[PDB]
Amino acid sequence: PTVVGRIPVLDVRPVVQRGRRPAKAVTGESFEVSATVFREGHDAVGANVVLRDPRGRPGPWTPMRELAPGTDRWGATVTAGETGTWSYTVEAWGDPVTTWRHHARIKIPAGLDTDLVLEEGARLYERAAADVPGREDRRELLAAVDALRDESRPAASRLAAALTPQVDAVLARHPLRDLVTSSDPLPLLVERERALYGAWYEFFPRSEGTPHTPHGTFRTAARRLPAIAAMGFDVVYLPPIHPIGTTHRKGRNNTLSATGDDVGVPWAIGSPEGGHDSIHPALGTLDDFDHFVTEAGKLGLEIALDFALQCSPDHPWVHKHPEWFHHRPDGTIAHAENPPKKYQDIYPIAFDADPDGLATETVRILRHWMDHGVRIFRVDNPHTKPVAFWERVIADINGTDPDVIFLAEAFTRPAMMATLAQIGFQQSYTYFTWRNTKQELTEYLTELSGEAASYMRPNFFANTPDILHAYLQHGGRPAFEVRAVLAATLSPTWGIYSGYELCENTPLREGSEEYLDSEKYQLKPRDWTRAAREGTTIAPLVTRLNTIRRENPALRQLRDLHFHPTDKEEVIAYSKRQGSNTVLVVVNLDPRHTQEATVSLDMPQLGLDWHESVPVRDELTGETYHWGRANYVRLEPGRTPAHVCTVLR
């Protein structure tokens, strides 16, 4: 057997790990399948994509087109249905009708062998007709055959009868395909909508307490849920909810030794009170947690628990499973580190003495929280644990519960970041917070919306407890507005960490990305009521963004994104589409100075003629404009961070 088939179909994409790992989609997501298709000689080829579902049932007729002239690269758009494991094949084939028509249009006017050319056409159309199930379509083709063969008629007349619009339509739907050749199938894993699309809100339940009991409980924390739901969010991500170690506990502002009342860092998991399958006693009981998860669900909120596979020194695993840790010659365990950061309060896991025990217990823990309604895990620093470990755990969990979503917090180099997504992480944290200029944002989102979208789903958190970017520190509120618009419009999954809305932007010190008085190390009560009444929260903007997302399908996808040029380096413009919905965004990335610019829309890239002028609505203000090829904008920081416009129907 040969490696190339009769009609070459080569390098089918998307492909992940040479076919050893599946490409990704979610339900209702469209993406391009592509291949290099051609044949020997000078005749025309055709190609089509065959998408097969988990039952192996083929999709609709999906013809491909050459994507650029001379390139022999073909593509078609396909759309994922129900969740599960699918496959896709490209079929390539001789297109003798297109070939014949090409010669016929040339020879018949030149009067070359007209009877022979016309008879040749008749026999192709007869073969094409024999495959057509429709009776009207069959008769339409046979009718042309007869006219092709009517030797009493002028040549160019007989030919014209084979080139009519209705003949074209029949053939476009049921083409005569020569020498049909198929690629080997490639895998597609289709997961639920939330893996790609959703708004995330992170908060610390302990911070939402009372004057009498400052340490919040699940029952007091649950009072925050209506506000979070009302801001249009779908997921609440909680930092670790287990007991917290006392040994080497950190105090306020990441000080080394905690004093009497210091609450420590939730990530320092474990004490005599319990480990990863337990609730911090001050947060309440597992019953109180069930209440929190129930009350969340009623507001349309899914809970995402933090999974940090690491231990305080007081975690029971330290004595129960010592071989889960690396011990130095004096018996001690070196605390975890992400240099120059030290985590004195935290021991890292060692995976090579008992990989099976670690995997077994990890999946037990996860299934415990799953049995209490947690269907999303935010995995803490996964890149300090083995890659194959995550592959095994994820495959084990999704094997029984394929709805479970894992989010990889891997702020690391691209290789590890890529590979983590490729081995099964449904979502990835990204370089977003460090992409702030027009060039940075344009380069990075081009990358994320390109080939990487076949394996990675990005979660654009505008801030985290560990990341307060300089842009925000120096920018103030108009900077918080800008980043919110960007996150919410550039990725179908975005998020904020509580405090962002109040524009908390005081760092630990100049040149740090740590917050001052970080909530990681202390209870951090907020006067949410006062902020609202005084308008010192960008909560309404956030709410408006999530509403716009919920009303505009273009914003619930990743791959369709185009950047439109402007005459200002501070001003960035881009558009996203999904079916007939088109959103167009212009942002002033300067948080201190008004910027006026001329936005030059790639009209064809919106599906419009160059001269066309179609109306838009700015969804932030409800104000209408008529835009076209070249448009003036004037964006004043504080008044208008950006224009988030829909093209009107």
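Numbering starts at 1 and runs along the sequence shown.
The deposited model assigns a higher average Cα B-factor to 132-140 than to the other stretch when 132-140 and 551-559 are compared. Checked against the record, the higher mean CA B factor of 336-344 and 183-191 lies with 336-344.
Per the deposited record, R173 carries the highest C-alpha B-factor of all listed residues (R457, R73, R173, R483). Within the listed group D113, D380, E202, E519, the record reports its top CA B-factor for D113.
Sort the chain's modelled residues by C-alpha temperature factor and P22 lands in the lowest third, per the entry. Among the modelled residues of its chain, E612 has a C-alpha B-factor that falls in the highest third according to the deposited record. Per-chain ranking of the deposited C-alpha B factor places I7 in the lowest third. Remark: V15 belongs to the lowest third of its chain, ranked by C-alpha B-factor as recorded.
In the deposited entry, the Cα temperature factor of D234 sits in the bottom third of values across the chain's modelled residues.
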